[PDB]
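Listing of my_file.pdb, PDB, C-alpha atoms
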```pdb
ATOM      1  CA  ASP Q   1     -80.541 -43.897  20.408  1.00  0.00           C
ATOM      2  CA  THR Q   2     -80.928 -46.238  17.439  1.00  0.00           C
ATOM      3  CA  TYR Q   3     -78.843 -49.419  17.535  1.00  0.00           C
ATOM      4  CA  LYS Q   4     -78.504 -51.842  14.630  1.00  0.00           C
ATOM      5  CA  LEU Q   5     -77.846 -55.582  14.420  1.00  0.00           C
ATOM      6  CA  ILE Q   6     -76.193 -57.196  11.395  1.00  0.00           C
ATOM      7  CA  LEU Q   7     -77.408 -60.811  11.350  1.00  0.00           C
ATOM      8  CA  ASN Q   8     -75.509 -63.498   9.401  1.00  0.00           C
ATOM      9  CA  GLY Q   9     -77.015 -66.859  10.331  1.00  0.00           C
ATOM     10  CA  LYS Q  10     -77.308 -70.170   8.524  1.00  0.00           C
ATOM     11  CA  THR Q  11     -81.006 -69.852   7.650  1.00  0.00           C
ATOM     12  CA  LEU Q  12     -81.697 -66.216   8.638  1.00  0.00           C
ATOM     13  CA  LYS Q  13     -79.903 -63.071   7.482  1.00  0.00           C
ATOM     14  CA  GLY Q  14     -80.708 -59.383   7.603  1.00  0.00           C
ATOM     15  CA  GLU Q  15     -80.514 -56.245   9.710  1.00  0.00           C
ATOM     16  CA  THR Q  16     -82.735 -55.015  12.543  1.00  0.00           C
ATOM     17  CA  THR Q  17     -82.768 -51.842  14.620  1.00  0.00           C
ATOM     18  CA  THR Q  18     -83.922 -50.878  18.099  1.00  0.00           C
ATOM     19  CA  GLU Q  19     -84.015 -47.826  20.363  1.00  0.00           C
ATOM     20  CA  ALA Q  20     -81.941 -48.020  23.559  1.00  0.00           C
ATOM     21  CA  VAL Q  21     -80.425 -45.722  26.162  1.00  0.00           C
ATOM     22  CA  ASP Q  22     -76.943 -47.285  25.969  1.00  0.00           C
ATOM     23  CA  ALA Q  23     -74.916 -50.064  24.359  1.00  0.00           C
ATOM     24  CA  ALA Q  24     -75.506 -52.452  27.271  1.00  0.00           C
ATOM     25  CA  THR Q  25     -79.289 -52.334  26.947  1.00  0.00           C
ATOM     26  CA  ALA Q  26     -79.069 -52.595  23.167  1.00  0.00           C
ATOM     27  CA  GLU Q  27     -76.968 -55.763  23.466  1.00  0.00           C
ATOM     28  CA  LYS Q  28     -79.079 -57.562  26.017  1.00  0.00           C
ATOM     29  CA  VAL Q  29     -82.633 -56.778  22.922  1.00  0.00           C
ATOM     30  CA  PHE Q  30     -80.125 -57.980  20.309  1.00  0.00           C
ATOM     31  CA  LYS Q  31     -78.398 -60.809  22.093  1.00  0.00           C
ATOM     32  CA  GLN Q  32     -82.832 -61.881  23.051  1.00  0.00           C
ATOM     33  CA  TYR Q  33     -83.205 -61.403  19.252  1.00  0.00           C
ATOM     34  CA  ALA Q  34     -80.449 -63.937  18.550  1.00  0.00           C
ATOM     35  CA  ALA Q  35     -81.877 -66.388  21.080  1.00  0.00           C
ATOM     36  CA  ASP Q  36     -85.370 -65.930  19.628  1.00  0.00           C
ATOM     37  CA  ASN Q  37     -84.273 -67.099  16.183  1.00  0.00           C
ATOM     38  CA  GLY Q  38     -81.858 -69.838  17.285  1.00  0.00           C
ATOM     39  CA  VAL Q  39     -78.758 -67.889  16.224  1.00  0.00           C
ATOM     40  CA  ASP Q  40     -75.570 -68.829  18.088  1.00  0.00           C
ATOM     41  CA  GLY Q  41     -72.310 -67.321  16.916  1.00  0.00           C
ATOM     42  CA  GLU Q  42     -69.589 -64.751  17.461  1.00  0.00           C
ATOM     43  CA  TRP Q  43     -70.349 -61.142  18.350  1.00  0.00           C
ATOM     44  CA  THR Q  44     -68.755 -57.781  17.595  1.00  0.00           C
ATOM     45  CA  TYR Q  45     -69.767 -54.207  18.370  1.00  0.00           C
ATOM     46  CA  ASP Q  46     -68.826 -50.827  16.890  1.00  0.00           C
ATOM     47  CA  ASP Q  47     -69.464 -47.907  19.247  1.00  0.00           C
ATOM     48  CA  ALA Q  48     -68.903 -45.403  16.430  1.00  0.00           C
ATOM     49  CA  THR Q  49     -71.750 -46.780  14.317  1.00  0.00           C
ATOM     50  CA  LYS Q  50     -73.734 -48.218  17.242  1.00  0.00           C
ATOM     51  CA  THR Q  51     -73.751 -51.507  15.351  1.00  0.00           C
ATOM     52  CA  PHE Q  52     -73.805 -55.117  16.579  1.00  0.00           C
ATOM     53  CA  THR Q  53     -72.781 -58.054  14.384  1.00  0.00           C
ATOM     54  CA  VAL Q  54     -73.581 -61.679  15.106  1.00  0.00           C
ATOM     55  CA  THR Q  55     -72.117 -64.358  12.856  1.00  0.00           C
ATOM     56  CA  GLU Q  56     -72.833 -68.083  12.838  1.00  0.00           C
TER      57      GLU Q  56
END
```
This structure in structure tokens:
Amino acid sequence: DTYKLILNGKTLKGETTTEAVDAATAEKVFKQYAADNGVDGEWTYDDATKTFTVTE
């Protein structure tokens, strides 16, 4: 299924999607995506919308 990441960093902001079999797999692309762009913050997830949010 399609999972989405709401990114709210200091220098980078936006939204990205990915295809994953479950939430766990989607978190571990999205929580590499954060690392990739030097984004370190607090995380939330919404199973109903399959949406991750990372905020710096």
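The space between atom CA of residue Q:18 and atom CA of residue Q:5 spans 8.5 Å.
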Selection result for the PyMOL selection byres ((chain Q and resi 38) around 12) on this file, as a PyMOL selection string: chain Q and resi 7-12+31-37+39-41+54+56
What does the file look like for those residues with C-alpha atoms, as an mmCIF file, keeping the file's coordinate frame?
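And here's selection10.cif as it stands now:
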```
data_model
loop_
_atom_site.group_PDB
_atom_site.id
_atom_site.type_symbol
_atom_site.label_atom_id
_atom_site.label_comp_id
_atom_site.auth_asym_id
_atom_site.auth_seq_id
_atom_site.Cartn_x
_atom_site.Cartn_y
_atom_site.Cartn_z
ATOM 1 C CA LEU Q 7 -77.408 -60.811 11.350
ATOM 2 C CA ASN Q 8 -75.509 -63.498 9.401
ATOM 3 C CA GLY Q 9 -77.015 -66.859 10.331
ATOM 4 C CA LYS Q 10 -77.308 -70.170 8.524
ATOM 5 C CA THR Q 11 -81.006 -69.852 7.650
ATOM 6 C CA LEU Q 12 -81.697 -66.216 8.638
ATOM 7 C CA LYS Q 31 -78.398 -60.809 22.093
ATOM 8 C CA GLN Q 32 -82.832 -61.881 23.051
ATOM 9 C CA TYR Q 33 -83.205 -61.403 19.252
ATOM 10 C CA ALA Q 34 -80.449 -63.937 18.550
ATOM 11 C CA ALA Q 35 -81.877 -66.388 21.080
ATOM 12 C CA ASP Q 36 -85.370 -65.930 19.628
ATOM 13 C CA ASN Q 37 -84.273 -67.099 16.183
ATOM 14 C CA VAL Q 39 -78.758 -67.889 16.224
ATOM 15 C CA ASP Q 40 -75.570 -68.829 18.088
ATOM 16 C CA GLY Q 41 -72.310 -67.321 16.916
ATOM 17 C CA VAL Q 54 -73.581 -61.679 15.106
ATOM 18 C CA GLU Q 56 -72.833 -68.083 12.838
#
```
Hey, can I get the axis-aligned box for stretch 46-53 of chain Q? All listed atoms, 3 Å padding on each side, centre and edge lengths in Å to one decimal, as JSON.
```
{"center_x": -71.3, "center_y": -51.7, "center_z": 16.8, "size_x": 11.0, "size_y": 18.7, "size_z": 10.9}
```
Can you measure atom CA of residue Q:1 to atom CA of residue Q:22 for me? One decimal in Å is fine. 7.4 Å
Near-residue Q:4 list (7 Å; all atoms listed in the file; drop same-chain fewer than 3 positions) as a PDB file with C-alpha atoms, in the frame of the given file:
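The result, stored in around33.pdb:
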```pdb
ATOM      1  CA  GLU Q  15     -80.514 -56.245   9.710  1.00  0.00           C
ATOM      2  CA  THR Q  16     -82.735 -55.015  12.543  1.00  0.00           C
ATOM      3  CA  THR Q  17     -82.768 -51.842  14.620  1.00  0.00           C
ATOM      4  CA  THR Q  18     -83.922 -50.878  18.099  1.00  0.00           C
ATOM      5  CA  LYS Q  50     -73.734 -48.218  17.242  1.00  0.00           C
ATOM      6  CA  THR Q  51     -73.751 -51.507  15.351  1.00  0.00           C
ATOM      7  CA  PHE Q  52     -73.805 -55.117  16.579  1.00  0.00           C
TER       8      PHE Q  52
END
```
Nearest to residue Q:2 among Q:28, Q:14, Q:48, Q:21, with distances taken over all atoms listed in the file: which residue is it? Q:21
For stretch 17-28 of chain Q of the structure just presented, write N, CA and C atoms to a file, as a PDB file, in the first residue's frame.
```
ATOM      1  N   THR Q  17       5.875   9.892  -0.774  1.00  0.00           N
ATOM      2  CA  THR Q  17       5.142   8.644  -0.648  1.00  0.00           C
ATOM      3  C   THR Q  17       6.031   7.460  -1.003  1.00  0.00           C
ATOM      4  N   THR Q  18       5.579   6.278  -0.592  1.00  0.00           N
ATOM      5  CA  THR Q  18       6.273   5.035  -0.887  1.00  0.00           C
ATOM      6  C   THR Q  18       5.272   3.889  -0.816  1.00  0.00           C
ATOM      7  N   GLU Q  19       5.621   2.771  -1.433  1.00  0.00           N
ATOM      8  CA  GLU Q  19       4.790   1.579  -1.440  1.00  0.00           C
ATOM      9  C   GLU Q  19       5.415   0.579  -0.470  1.00  0.00           C
ATOM     10  N   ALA Q  20       4.612   0.043   0.443  1.00  0.00           N
ATOM     11  CA  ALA Q  20       5.098  -0.882   1.458  1.00  0.00           C
ATOM     12  C   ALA Q  20       4.026  -1.912   1.783  1.00  0.00           C
ATOM     13  N   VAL Q  21       4.463  -3.042   2.340  1.00  0.00           N
ATOM     14  CA  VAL Q  21       3.521  -4.097   2.696  1.00  0.00           C
ATOM     15  C   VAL Q  21       2.831  -3.801   4.028  1.00  0.00           C
ATOM     16  N   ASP Q  22       3.509  -3.121   4.951  1.00  0.00           N
ATOM     17  CA  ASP Q  22       2.918  -2.804   6.243  1.00  0.00           C
ATOM     18  C   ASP Q  22       3.551  -1.532   6.789  1.00  0.00           C
ATOM     19  N   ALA Q  23       3.003  -1.065   7.908  1.00  0.00           N
ATOM     20  CA  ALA Q  23       3.464   0.155   8.560  1.00  0.00           C
ATOM     21  C   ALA Q  23       4.943   0.077   8.932  1.00  0.00           C
ATOM     22  N   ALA Q  24       5.340  -1.053   9.516  1.00  0.00           N
ATOM     23  CA  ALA Q  24       6.713  -1.277   9.948  1.00  0.00           C
ATOM     24  C   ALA Q  24       7.787  -1.051   8.869  1.00  0.00           C
ATOM     25  N   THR Q  25       7.497  -1.584   7.687  1.00  0.00           N
ATOM     26  CA  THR Q  25       8.398  -1.451   6.548  1.00  0.00           C
ATOM     27  C   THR Q  25       8.379  -0.020   6.021  1.00  0.00           C
ATOM     28  N   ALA Q  26       7.197   0.595   6.050  1.00  0.00           N
ATOM     29  CA  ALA Q  26       7.075   1.980   5.610  1.00  0.00           C
ATOM     30  C   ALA Q  26       7.857   2.918   6.520  1.00  0.00           C
ATOM     31  N   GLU Q  27       7.879   2.635   7.820  1.00  0.00           N
ATOM     32  CA  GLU Q  27       8.602   3.478   8.767  1.00  0.00           C
ATOM     33  C   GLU Q  27      10.105   3.359   8.584  1.00  0.00           C
ATOM     34  N   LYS Q  28      10.607   2.139   8.657  1.00  0.00           N
ATOM     35  CA  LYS Q  28      12.019   1.915   8.498  1.00  0.00           C
ATOM     36  C   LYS Q  28      12.567   2.562   6.168  1.00  0.00           C
TER      37      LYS Q  28
END
```
